[PDB]
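K.L.:
Once you know that position 49 of the sequence shown is 70 in the deposited numbering, the rest is easy, because the numbers rise by one and skip nothing.
Ideal Cβ placement from N, Cα and C applies to all residues, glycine included.
Let me begin by handing over the structure; questions about it come next.
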Amino acid sequence: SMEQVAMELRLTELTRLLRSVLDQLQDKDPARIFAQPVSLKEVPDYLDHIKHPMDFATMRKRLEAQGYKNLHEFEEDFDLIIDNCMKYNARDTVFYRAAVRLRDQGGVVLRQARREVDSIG
Ligand code: NA
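Below you can see the structure in the form of structure tokens.
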């Protein structure tokens with residue numbers, strides 16, 4: 022149907038917008054702390070601590086399968102990146118502080134993304 026097609030075109034345009042968002046977020050992480058999964062072969066106890074690991078590469082894979090139906094879903098995954106880091110690592114560490122800074126800077130990006138998604142429909 023043509024109604025199904027129109028829904029598909031909308032999902033594709035949201036995907037495009039969320040790609041630009043993901044690139045902007047990732048530019049706020051020049052050290053590439055959040056780029057890839059934590060290796061279970063180097064924080065071997067990681068999964069006893071953190072139940073739902075997340076990273077930017079994992080988000081990109083979901084994005085390319087048009088796997089985010091709305092901005093809220095994408096935001097949840099970004100918040101897992103930040104939140105997991107703030108739990109596993111202590112307040113005094115470079116990792117925790119990098120997560121605080123990424124959350125602050127990503128706030129700006131996400132705030133406009135919401136206005137654009139709302140505005141475009
Ligand atoms: Na902690």
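Roughly how many whole angstroms lie between the Cα atoms of residue 112 and residue 83?
P.N.:
Taking the first residue of the sequence shown as 1, we reach residue 112 at position 91. Taking the first residue of the sequence shown as 1, we reach residue 83 at position 62. If you take the alpha carbons of residue 112 and residue 83, they lie about 30 Å apart.
K.L.:
Note down, in chain order, each residue of its chain lying with its Cβ closer than 8 Å to the Cβ of residue 50, except the 5 sequence neighbours on either side.
P.N.:
Here residue 50 refers to the residue found at position 29 when the sequence shown is read from its first residue. 56, 77, 119, 123, listed in sequence order.
K.L.:
Could you round the C-beta distance between residue 38 and residue 130 to whole angstroms and report it? I think they count as a contact, below 8 Å.
P.N.:
The residue labelled residue 38 in the question sits at position 17 within the sequence shown. The residue labelled residue 130 in the question sits at position 109 within the sequence shown. Residue 38 to residue 130, Cβ: 11 Å. No contact.
K.L.:
Count the other CB atoms, across all protein chains shown, that sit within 10 Å of the CB of residue 91; report buried if there are 16 or more and exposed otherwise.
P.N.:
Residue mapping note: residue 91 aligns to position 70 of the sequence shown, counting from 1. Classification of residue 91: exposed, given that the 10 Å Cβ count is below 16.
K.L.:
Could you tell me the alpha carbon to alpha carbon distance between residue 75 and residue 59, rounded to whole angstroms?
P.N.:
Locating residue 75 in the sequence shown gives position 54, counting from the first residue. Locating residue 59 in the sequence shown gives position 38, counting from the first residue. If I take the Cα positions, the gap works out to 8 Å.
K.L.:
On the three-state DSSP scale, how would you describe residue 93?
P.N.:
Here residue 93 corresponds to residue number 72 of the sequence shown, with the count starting at 1. Helix at residue 93.
K.L.:
Within 10 angstroms of its Cβ, does residue 23 collect 16 or more other Cβ (buried), or is it exposed?
P.N.:
Indexing the sequence shown from 1 puts residue 23 at position 2. By the 10 Å Cβ count, residue 23 comes out exposed.
K.L.:
For ligand 1, I want to know if residue 110 counts as a neighbour, meaning its beta carbon is within less than 8 Å of at least one of the ligand's heavy atoms.
P.N.:
In the sequence shown, the residue the question calls residue 110 occupies position 89. The answer is yes for residue 110.
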